[PDB]
Amino acid sequence: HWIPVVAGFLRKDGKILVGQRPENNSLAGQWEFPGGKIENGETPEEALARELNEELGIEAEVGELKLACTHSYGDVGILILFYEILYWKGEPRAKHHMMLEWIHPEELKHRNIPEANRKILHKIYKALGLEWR
Amino acid sequence: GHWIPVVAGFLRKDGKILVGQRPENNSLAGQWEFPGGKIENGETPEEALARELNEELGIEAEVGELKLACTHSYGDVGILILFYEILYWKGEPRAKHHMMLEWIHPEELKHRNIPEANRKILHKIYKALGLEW
Ligand SMILES: Nc1nc2c(ncn2[C@@H]2O[C@H](COP(=O)(O)OP(=O)(O)OP(=O)(O)O)[C@@H](O)[C@H]2O)c(=O)[nH]1
Ligand SMILES: Nc1nc2c(ncn2[C@@H]2O[C@H](COP(=O)(O)OP(=O)(O)OP(=O)(O)O)[C@@H](O)[C@H]2O)c(=O)[nH]1
Ligand SMILES: [Mg+2]
Ligand SMILES: [Mg+2]
Ligand SMILES: [Mg+2]
Ligand SMILES: [Mg+2]
Ligand SMILES: [Mg+2]
Ligand SMILES: [Mg+2]
């Protein structure tokens, strides 16, 4: 079974927004981009819009699709789509994550993050308007 | 709920674009689509598209930029299509799988029998091809 996930890139003077995965639903303590599973019936955009609302409290406008990749966490097959999020109402707050943080993107290189992101960190940096090395 | 990730490519020839007529017995029969297919276990979208284009077109293709993602449910079976721009390949495509192959003016899509999943986003497609609507 494939699990299509959508997730977003939010931005603050070059910084980027990540959330600390909470301790009970686990890839615990790992830093990710906000987003989640697409529900039966919805489009990718609708799903991100919604996930961003329910996770950050923000009312977002979903921008360009930047990236897609696959990963296996065992038998569990996930497909992430990453979207640029230029525009929203309100400021985000930790409705789901342990912490929210605006970090320099460079810092991702030494932050505990999903192997699905770790494996494409270069592709990510590019999609953000930065070079890998 | 349940999902089938598909990868499909945009190949172009002096402005025209390449579609295949779905075979009569493996069916959404008679319908014109962009070549591609289902992603297998362990492969990246790119890997799957390179492979599909080989086994369907006979071409060794280089998979370029990701242009579109969309969802469609054909009743119970849930589909996620990623569309990639295919700029570079070795050889000329031949109908290894499809009933027929054709390079059409993209405008013609408006009056070709195409998957409802593509018809719903024809707007978004024209943009990804660099055209108007
Ligand atoms: N949100 C998010 N998920 C990621 C990322 N990288 C990999 N994933 C995986 O995508 C899957 C689905 O994301 P979730 O946030 O758990 O889905 P959700 O609907 O938002 O929340 P729950 O299903 O209740 O856990 C998880 O297994 C994540 O580990 C990422 O950068 N952001
Ligand atoms: N290839 C392709 N599939 C599309 C398109 N639009 C919707 N689809 C659906 O995507 C699904 C999978 O594509 P297929 O090409 O049939 O899968 P395949 O691996 O290439 O070949 P099969 O195993 O025989 O199905 C089908 O159910 C199509 O209905 C399109 O533009 N191109
Ligand atoms: Mg969620
Ligand atoms: Mg989430
Ligand atoms: Mg959810
Ligand atoms: Mg095929
Ligand atoms: Mg096919
Ligand atoms: Mg196939």
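Residues numbered from 1 in each chain as written, not as in the entry; some residues may be left out. Chains lettered and ligands numbered in written order. Heavy atoms only, no water.

S.K.: When you look at the coordination of the magnesium ion (ligand 3) in this model, what are you seeing that I'm missing?
M.R.: Ideal values differ by geometry: the angle at a metal is 109.5 degrees with four tetrahedral donors, but 90 or 180 degrees with six octahedral donors. All names here are of chain A. Binding of the magnesium ion (ligand 3) to the protein goes through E51 (OE) and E55 (OE), at separations of 2.2 to 2.7 Å. Here the magnesium ion (ligand 3) and the magnesium ion (ligand 4) are spaced 3.4 Å apart, linked through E55, which binds each one. Within this pair, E51 and its partner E55 are both found in helix α1 (residues 44-56), separated by four residues, close to a single helical turn. Neither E51 nor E55 differs from the other in exposure class; each is buried. (Donors = N, O, S within 2.8 Å, 3.2 Å for Na, K, Ca; no water. Helix = DSSP H or I, 4+ residues; strand = E, 2+ residues; numbered from the N terminus. Buried < 20%, exposed > 50% of the residue type's maximum accessible area, 1.4 Å probe, protein only.)

S.K.: What is the right way to read the UniProt feature "binding site: 8-oxo-dGTP" (unreviewed entry) in chain B from this model?
M.R.: Residue and element names in this part refer to chain B. Summarizing the sequence annotation, UniProt attributes the feature "binding site: 8-oxo-dGTP" (unreviewed entry) to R22, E33, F34, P35, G36 and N118 in the numbering used throughout. Spanning 97 residues, the named residues form one tight spatial group whose C-alpha atoms are at most 13.9 Å apart. Within the element layout of this structure, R22 appears in the loop between β2 (16-21) and β3 (32-33). Excluding anything up to four places from it in sequence, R22 contacts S27, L28, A29, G30, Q31, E33, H98 and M99. Relative to the elements of secondary structure, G36 occurs in strand β4 (residues 36-38). Not counting residues up to four positions away in its chain, the partners in contact with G36 are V7, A8, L49, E52, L53 and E56. (UniProt positions renumbered as here; feature names shortened; annotations may be inferred. Contact = heavy atoms within 4.5 Å.)

S.K.: Got a minute to help me understand the environment of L100(A) in this structure?
M.R.: Residues and elements named next belong to chain A. Checked against the element boundaries, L100 lands in strand β10 (residues 100-103). With 24 residues separating them in the primary sequence, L100 and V76 have C-alpha atoms 26 Å apart. Not counting the four nearest positions on each side in its chain, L100 is found in contact with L17, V18, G19, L56, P92, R93 and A94.

S.K.: How should I be thinking about helix α1 (residues 45-57) of chain B in this particular structure?
M.R.: Helical geometry: 3.6 residues make up each α-helical turn, so side chains three or four residues apart lie on a common side. All names here are of chain B. Here α1 contains 13 residues, and its C-alpha end-to-end distance of 17 Å stays within 8% of the 18 Å for a straight helix at 1.5 Å per residue. Looking only at α1, the buried set comprises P45, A48, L49, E52, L53, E56 and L57. What you see down the axis of α1 is that its buried residues fit within an arc of 130°, all on one side. Looking one or two residues beyond α1, the residue adopting positive phi is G58, at roughly 75°. (Expected span 1.5 Å × (residues − 1). Arc of directions from axis to C-beta.)

S.K.: What is the right way to look at the site of ligand 1 in this model?
M.R.: Residues and elements named next belong to chain A. Taken together, 16 residues surround ligand 1, and among them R21, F33, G35, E55 and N117 come closest. Note that an oxygen atom of ligand 1 is positioned 3.2 Å from one of the side-chain N or O atoms of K37. Within the complex, 85% of the 600 Å² of free accessible area of ligand 1 lies under protein. Of all elements in the fold, only β5 (35-37), α1 and β8 (76-84) reach the threshold of two or more residues within the shell around ligand 1. (Near = heavy atom within 4 Å. Polar contact = N/O pair within 3.5 Å; in protein donor to acceptor, adjacent residues only side chain to side chain. Areas by Shrake-Rupley, 256 points an atom, 1.4 Å probe, with all protein chains shown as cover.)

S.K.: Even after reading the chapter, I still don't get the site of ligand 2, so can you show me in this structure?
M.R.: Residues and elements named next belong to chain B. Near ligand 2 you find 15 residues, and of these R22, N26, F34, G36 and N118 are the closest. Within the backbone of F34, an N or O atom sits 2.6 Å from a nitrogen atom of ligand 2. At 2.6 Å, a backbone N or O of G36 approaches an oxygen atom of ligand 2. Contact with the protein chains covers 84% of the free accessible surface of ligand 2, which is 610 Å². Sorting the residues of the shell around ligand 2 by element identifies β4 and α1 as the ones contributing at least two each.

S.K.: Which parts of the structure should I look at to understand the pattern of salt bridges?
M.R.: Opposite charge on two side chains permits pairing when their charged atoms draw close. All names here are of chain B. Applying the stated rule across the entire model yields 21 salt bridges over all chains. Close ionic contact of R112 with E102 constitutes a salt bridge, the shortest N to O distance being 3.0 Å. You can see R112 sitting in the loop between β9 (101-104) and α2 (116-119) and its partner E102 sitting in strand β9, a full ten residues away along the chain. Assessed through its relative accessible area of 31%, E102 is described here as partly exposed. Each of the salt bridges in this network shares a partner with another, and the network as a whole consists of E40, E43, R51, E52 and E55. (Salt bridge = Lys/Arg side-chain N within 4 Å of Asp/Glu carboxyl O.)

S.K.: I'm lost on the packing of aromatic side chains in this one. Help?
M.R.: The relation between two aromatic rings is expressed through the spacing of the ring centres and the mutual angle of the planes. What the rule picks out here adds up to six aromatic pairs over all chains. Judged by centre distance (5.0 Å) and plane angle (80°), the ring pair of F10(B) and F34(B) falls under edge-to-face. Remark: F34(B) occurs in the loop between β3 and β4 and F10(B) occurs in strand β1 (residues 3-13); sequence separation between them is 24 residues. Of the two residues, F10(B) and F34(B), neither departs from the other in class, the shared state being buried. An aromatic cluster is built from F9(A), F33(A) and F82(A), whose rings are joined through pairwise contacts. Taking the ring centre of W31(A) as reference, the NZ or CZ of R111(A) above it sits at 4.4 Å. Between the NZ or CZ atom of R112(B) and the centre of the ring of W32(B), over which it lies, the distance is 4.8 Å. (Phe/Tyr/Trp six-rings, centres within 6.5 Å; stacked < 30°, edge-to-face > 60°. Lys NZ or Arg CZ within 6 Å of the ring centre and 35° of its normal.)

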